[PDB]
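Read-outs throughout are calculated quantities, based only on the coordinates presented, and are distinct from any laboratory measurement. Neighbour counts are summed over all protein chains in view; Cβ atoms, including those assigned to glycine, are modelled from backbone coordinates with ideal geometry.
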RNA sequence: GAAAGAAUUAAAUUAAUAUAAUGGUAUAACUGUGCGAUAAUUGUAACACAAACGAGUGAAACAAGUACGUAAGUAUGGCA
RNA sequence: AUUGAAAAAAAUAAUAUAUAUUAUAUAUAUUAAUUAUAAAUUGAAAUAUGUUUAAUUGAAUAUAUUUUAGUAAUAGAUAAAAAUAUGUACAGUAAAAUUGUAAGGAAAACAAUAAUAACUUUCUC
C-alpha cells in the first residue's frame, strides 16, 4: 500500500573521514525588472537570467515610485 | 514452544558442547567461547542440522 | 508542445487554434492574428516552433489580457449588479437561469455551473 | 523492477547524494600547508579588527546618544519626552533596498508619490 | 577543487537537443588506457570527471550586460549629484555665509512640534518640496555644543529616499566620510566622526 | 620589513633550509615543493591556485603587525611583559611556524628550534599542553601517584626519562610503562624542559625518584622509598639533559638503587618528581642548599615533609612501574642487595 | 556486569585532561573542521555576503538609534519563585514554578552597541503529508529544498502516531534545512526580490506572527515555490511542488525588534501589531 | 569594549529505562556513537545475606583464555 | 629512477625496509589511498590509427581499444523518529508546557523559551 524505495545496506562513513557536501554551483547573473544586475550562486546551469516580475517593479516594494 | 535448545559443538575435535537456547528460526549460530579440554578459546558451530528462515542476501553491490 | 506559458500543448498541433484551446484569455480571431504579428507560417504545428520563437509567443500573451485573469473581471461584473439589487444576482447566486431561460424545467445547466465564481 | 516515477525519484536522490560525485581529498605539502595557515590566520585577525572597529563605532554612537538625551532632559522636558517614545511598530522604508551587485538603468528617482 | 561533479544526467535528459549543445560546449577527461605512462598519476574518473582535479563546466533571448559601477557624475566629480558614488554612503553637507561647511542647522524657536519632524519640515522648505526624506528615529544621534554662543545643536538622523535638494546657505554637497574631513573643520569632524558610516 | 632583519633578532626565527625559504617567498607559483622529494610525485602535485599573491599580502600584514609590536616590546622594562610582547610579534611568522611544526621538539637542534627564544618556548609549551601534559596528568591520577606521594601537581616543566646505560636501546619512557628489571638495572637520564620564563643562571633544581609501594609488614601497609635523589642541578632551556656528565657526586643525596620488586608484593610505582629551588634575592650566583644526609632515610621517606623542610615546589613529574620478574634476583646480586622476599599469592 | 552503580571519582589536579587527544584512534578527527588537514574542511568565507554587508553599513546603526530608550534598565522575566521560609516543610522544597508560565522566561535587556538585533538562522521546515502514502514524495521535497538553498537538507520523520490522519510513527515525511551565514542571507535576498513579489495577493508577513522572543515565521504554498529560479529553470522536474514553513531566528530580545530588523531587509509587514 | 572558549549555578530522575510496582538513575543505569559480538567463558570459590531442610541472593579472591580501552582499566549477561 | 617547471637531511604519524634488547626500539627512505568492489546492444567521453582544410594543425569522421554512466540517501563520534536489549570506550541531555508558523485544526512537523561571577584566549580604545 505504502509506496517506497527499499533501502540497500548503508555505506559506513568512518569517523574523521566524513566530508562536507559541497554541491556544484555556478555564478549566475540575475538582471531584475530594471537593469540592476545581481550575482548569485546557483545549482542550475544558467549563467544569465533576466526577471520580469520582481520587487523592483512591484507596487508594494516601491509605493513612492497570453 | 517459541524457544528451543541446540548443541553448539567445538571446532577442536574435543566433544565439548555448550548447549544454548535459541528461537525457532535461529540464524545458524556460531559462537567463539572457551574449550576447557583444549585449554583455548575456539568457535562453536551447531551440531544437529536444523533450518533457517529464507534470509535474503544483503545487496552490498548495486544490481538489477 | 513543451511547457509554453506553463500549460503548454503537443506537437503536430497547428498553433493557430492550439492557443484558442489551452489559453482562456485568447481564442478564435485573437489567437489567429496573435500568430500573425509573430509572423509564423499558418497551418504550422507546435513541434516546428523554434523555442526562441515561443519566447515571443509568451510575451505576446502577456501584452493582452489572458488566463483566469479575465475570469475574475467577469466574476466582478457578475458580483457587481449581484451586489446591487439585480434579478441576475439572485438568478446567479441561487444557481438559476441568469439568461431568464427555462427555470421551470431545463435549468439543471444553470444550477450545474451558474454560481458566484461561475467559470470554475 | 522499477517504474519511470521510481527511476526519476532515484535520479533526484542521486542529485543530493555524495555517491560517486566527490573528488579526492585536498592534500597539501608542508610548505603549502603553512602558507595556507598564514593566509587563514591573517584573514581571521583582519575580520576581528573589522568587528572591533564596527563595535567601537557603535559604542561611540550609543555614548553620543546618551549624552544628547541627558542634555535634552536637562533643557526641554517636552522635547525629551518626544524623543524618548516607544518605536515598537517602526518599519524601515521600502525604498531603502539591499544594495545590488550592479546598479539599475535609472540610478536615482527625482520624483515620487 | 573540492566541489562535487556536476550531475548533468539530471539537468540534461539523454537523447535531447539541449543536452547535445552542453556536451559540445564541454570537453571530456583523459581516461586510463593500458600500456601507457601517465606521469600525473592514473586517471581516477567517475561520472566523467578527473577526481584528482578541479572540474570546469562551460555553459527575451538577450545577453545580460551589467551597467558600469562608476558613473558620469563620478567621472566629472559633481559633488551636488546623488549618483556620483554608488558603493558608498553619501551625507548632505552645507556651506553657510562664512567659509565653513557643516551639517544643516535650524533654529527651533517654537518648541511645540517634535524635533525630528521640525527638522524634516525645514529640509522640505529648503528644497521647495523636491526632497523625500525618512527619519530613522525621534531620538537625536548627538549634540554640538559651545560656550561662545550659548547654544545646543541636537543632531537628528534621516534618510534621503527619492528627490533633489538644490536649495541661509550658499552652497551644498553630497560627500563620503573621507571627503567630509577635507571639507569640514578638524574639531567639528572629531565631534561628528563616529556618527558617519565608513562605507 | 622586520622579519627579514636579523641584526637584533635571533637566527632561529629564519628557516635554515634555503630551498624551502625560496619556495615560500616567490613571485609566481613556478617552483615545486622541497617536501615532495620524488620527481614523479612533484610532477603529479598541483598546489591550489592564486595562493602566492594572497600569501604575500598576508605576510606583509602580519609582518607589519610584528613590527608594530616590536615598537612596544623595546620600550617595555619588566621581563615577563617583554617576553609576551616578543611572542606576540613573532608567533604568526610563517618561518618560525615551519621550524617548530616540522622538526623535533624533544631533541631540538638549537639552530632550528631555540628554546632560548621566547616564541619557540611558548610554542613548545602549547604543544606540551595539547597532548603530553594531559597524558602525564592522567597517568598520575589513575595510578594514584599524586595523593599517595605528593598532594597535587601543577605541571610546568615537561619531564622525560630514559634508561640508556642498562641495555643499549634508545627509548623515551611513556608515563605509566611496565619496564623490566634489566631495563631499569642502571640509572635513568632525565630531560627537564622548562617553558616558563625563569632565571637560568640562578635557578637550581632537585630530582627525586620515589617508590611508594614497598611493603612494611609491621604496619601491615606500605612505605615510601627514595630510590634516586639529586639536588642543586643547573638547567638551561637547550642544555637540559640530566646525565652523569652534568651533575657531580656532591649533587647525589641518594644514589640510584634499582627497582627490585618482590614476588607477589605487586606492581610498584616509581614516580620521579622534579622540584625547582627557592630563589633568594640580594645574592649573585646559584644559591645552594645543604641536606642533612643522616636525617633523610631511604628505606622510609616522607616526601612531603622533605619538600616542606627545603621549601621546594614540584614543577614536573614522570612515572614508570615495575613488578617482579626472573632477573630481579640477578639485579639484587649485582647491586649486593639481599636475596629478596617472597610473599603469598593470596592477599588474605 | 557486577553492578550498575555510576560514581565518578574525584581527582587531585586542576589540569583538564582531554581524553580524545590521548588516544591514537581518530587522527583525522583531532583536527578542527576549520583546519585544511581535516577531511571535513570546507571553504567558508568564499565571497562577500551582500545582505550582511548592508546590515553592517546602513541598518545596524539605525536599529541601535531606534532601540535607544533613555536610562532603560533590565526587565527580568518570569522565573521560578522560591518559598518563603514560614514553615519547616519549605526547607528542601523545590521552588514554585513561574507565575503565568510553567517554563521560565528570559530577561529582556536594553539594546546597546553589543546586543543589536540581527539575523541568526533560517530554518525551512517542509513536512509533506501525502508522503504518509508515498515515501518518494519526501525525497522530491528534500531535493526541492536543496535546490532552493544550495544546502544539504535533513530528513523529517513522523515522530507521533494518530489514526484520524493516516499517519504512522517512524516514517520519512518531507525535510528541513537550517541555513546559517551567507547561504541563509542569499536565501533571504532571493525571497525578498524574486519569490515574494511574484505571489499575487501578498500583503506581507503578519505582525501577529512570531515567538515572544526574537523569532518570526511564515509559509509558502506549492504555487509559490515555482517562482524560485532553480525550480523555474526546470519546472518540468517540479510538477508536484511542496509548500514549506520558514522559521527566521533573530538575535532580537523581543519580537517587534525582530520585525523591524526584517523590514530593514525589505520584508513587508501588514497585520495589526500586538 | 568585543568575540570565543572553557564552562558554573540553577532546574530536572515529571522524559526515559526490554515489561508490572516499588526502589535507583543526569556522577547518569537514560541517550548517541566507534569498535566489537567477546565475559550470554572455564576450573577451585572464602565469606557473608537469607535460611528448617532442599533451595535461593551478593561475592573478595586463585587460575585459563577472550573482548574493548592511550591508559586507569571494565566485562563471569541485561539498573535491581 | 625516465618528462614538466627552473651537495642532502632534520618534527608527528603512516607505510617501506632493515637491525638492537630475557626494553613494542631505533636507522635510512617516501609521503599512497581516504565513499570504493562484478554484472550495462544502446548513454557519454579519452586515447591510437583512417578523409578534407593552412609535410603540416584544426575539423569532421570511421575501427579497435578502453574509460566512464548500474546514477540511492548517514558526510555526523550523529544524540529522545524507527531500527539489536550482552561487552567496552567516548560524548550529550530529556519531557512537559506557552508565543508561534502553507494547508494546520484539540490532536502532523518545525522554531524559540534560566543565570553569566569568575577564569582563559584574541582583537582593540
Search result, residues across the range E:144-156 that are surrounded by fewer than 19 Cβ atoms within 10 Å (Cβ to Cβ) and touching a helix residue (DSSP H, G or I) at 6+ places or on another chain (Cβ under 7 Å): E:144, E:152
In the range C:16-34, the residues that are part of a helix (DSSP H, G or I) and either in contact with a strand residue (DSSP E or B) (Cβ under 7 Å, 6 or more places away or on another chain) or within 11 Å of chain A (Cβ to nearest Cβ) (or both): C:19, C:22, C:30, C:31, C:34
Breaking point among (1) in a loop (DSSP other than H, G, I, E, B); (2) within 13 Å of RNA strand H (Cβ to nearest atom), for residue G:41: (2)
Which listed residue is more than 16 Å from RNA strand H (Cβ to nearest atom), out of contact with any strand residue (DSSP E or B) (no Cβ under 6 Å at 6 or more places or on another chain) and within 14 Å of chain A (Cβ to nearest Cβ), from G:213, G:269, G:187, G:227: G:227
Filter result for residue F:244 (surrounded by fewer than 16 Cβ atoms within 10 Å (Cβ to Cβ) and either touching a helix residue (DSSP H, G or I) at 6+ places or on another chain (Cβ under 9 Å) or not in a strand (DSSP E or B) (or both)): yes
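Of E:72, E:83, E:56, E:120, which residue is within 14 Å of chain A (Cβ to nearest Cβ) and under 21 Å from residue E:165 (Cα atoms)?
E:83
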Sole exception among (1) under 30 Å from residue F:154 (Cα atoms); (2) assigned to a loop (DSSP other than H, G, I, E, B) for residue G:86, by number: (1)
Subset tally (residues that are within 15 Å of RNA strand H (Cβ to nearest atom) and surrounded by fewer than 11 Cβ atoms within 10 Å (Cβ to Cβ)) for the range G:64-83: 2
Of all residues making up the range F:134-192, the number that are within 13 Å of RNA strand H (Cβ to nearest atom), within 20 Å of the chain's Cα centre (by Cα) and not in a loop (DSSP other than H, G, I, E, B): 10
Filter result for residue A:49 (touching a helix residue (DSSP H, G or I) at 6+ places or on another chain (Cβ under 7 Å) and either within 14 Å of chain C (Cβ to nearest Cβ) or part of a loop (DSSP other than H, G, I, E, B) (or both)): yes
Residues of the range D:62-90 that turn out to be within 7 Å of another protein chain (Cβ to nearest Cβ), crowded, with 17+ Cβ neighbours inside 10 Å and under 27 Å from residue G:273 (Cβ atoms), as a count: 9
Some residue of the range F:197-206 being away from chain G (no Cβ under 14 Å), within 16 Å of RNA strand I (Cβ to nearest atom), within 17 Å of the chain's Cα centre (by Cα) and assigned to a loop (DSSP other than H, G, I, E, B): yes
The lone exception for residue D:50 - which of (1) away from RNA strand H (no atom under 16 Å from the Cβ); (2) within 30 Å of the chain's Cα centre (by Cα) it fails: (1)
Pairs where the first residue, in the range D:1-30, is at positive phi and within 14 Å of chain F (Cβ to nearest Cβ) and the second is part of a loop (DSSP other than H, G, I, E, B) and surrounded by fewer than 13 Cβ atoms within 10 Å (Cβ to Cβ), C-beta under 9 Å, 6+ apart: none
Elements of type helices (runs of 4 or more DSSP H) contained in the range F:19-107, each with 1 or more residues being within 12 Å of chain D (Cβ to nearest Cβ) and under 27 Å from residue F:121 (Cβ atoms): F:51-75, F:79-90, F:94-101
Answer from B:45, B:39 - the residue that is more than 10 Å from RNA strand H (Cβ to nearest atom) and either within 30 Å of residue D:2 (Cα to Cα) or more than 14 Å from chain A (Cβ to nearest Cβ) (or both): B:45
Hey, residue D:28 closer than 30 Å to residue G:42 by Cα, in contact with a helix residue (DSSP H, G or I) (Cβ under 9 Å, 6 or more places away or on another chain) and buried (at least 18 other Cβ atoms within 10 Å of the Cβ) or not: yes
Check on residue G:70, within 30 Å of residue F:130 (Cα to Cα), more than 14 Å from chain A (Cβ to nearest Cβ) and away from RNA strand I (no atom under 16 Å from the Cβ): no
Residues that are loosely packed, with under 10 Cβ neighbours inside 10 Å and in contact with a helix residue (DSSP H, G or I) (Cβ under 9 Å, 6 or more places away or on another chain), drawn from the range E:16-43: E:39
Residues of the range A:10-29 classified as over 20 Å from residue G:143 (Cα atoms) and at the interface with chain G (Cβ under 7 Å from one of its Cβ atoms), total: 4
Filtered residues of the range F:319-348 (kept if within 14 Å of RNA strand H (Cβ to nearest atom) and away from every other protein chain (no Cβ under 14 Å)): F:320, F:321, F:322, F:323, F:324, F:342, F:343, F:344, F:345, F:346, F:347, F:348
Counted residues, the range B:8-60 - those being more than 30 Å from residue A:8 (Cβ to Cβ), assigned to a strand (DSSP E or B) and within 16 Å of RNA strand I (Cβ to nearest atom): 7
So residue G:242, is it within 14 Å of chain A (Cβ to nearest Cβ) and assigned to a loop (DSSP other than H, G, I, E, B): no
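Residue-wise test of (1) within 16 Å of RNA strand H (Cβ to nearest atom); (2) closer than 15 Å to residue E:63 by Cα; (3) not in a loop (DSSP other than H, G, I, E, B).
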site: A:6; (1), (2), (3): no, no, no
site: A:14; (1), (2), (3): yes, no, no
site: A:20; (1), (2), (3): no, no, no
site: A:34; (1), (2), (3): no, yes, no
site: A:41; (1), (2), (3): no, no, yes
Some residue of the range G:45-53 being in contact with a helix residue (DSSP H, G or I) (Cβ under 8 Å, 6 or more places away or on another chain), surrounded by 14 or more Cβ atoms within 10 Å (Cβ to Cβ), part of a loop (DSSP other than H, G, I, E, B) and within 14 Å of chain A (Cβ to nearest Cβ): yes
Filtered residues of the range G:255-270 (kept if under 19 Å from residue G:193 (Cβ atoms) and outside any loop (DSSP other than H, G, I, E, B)): G:261, G:262, G:263, G:264, G:269
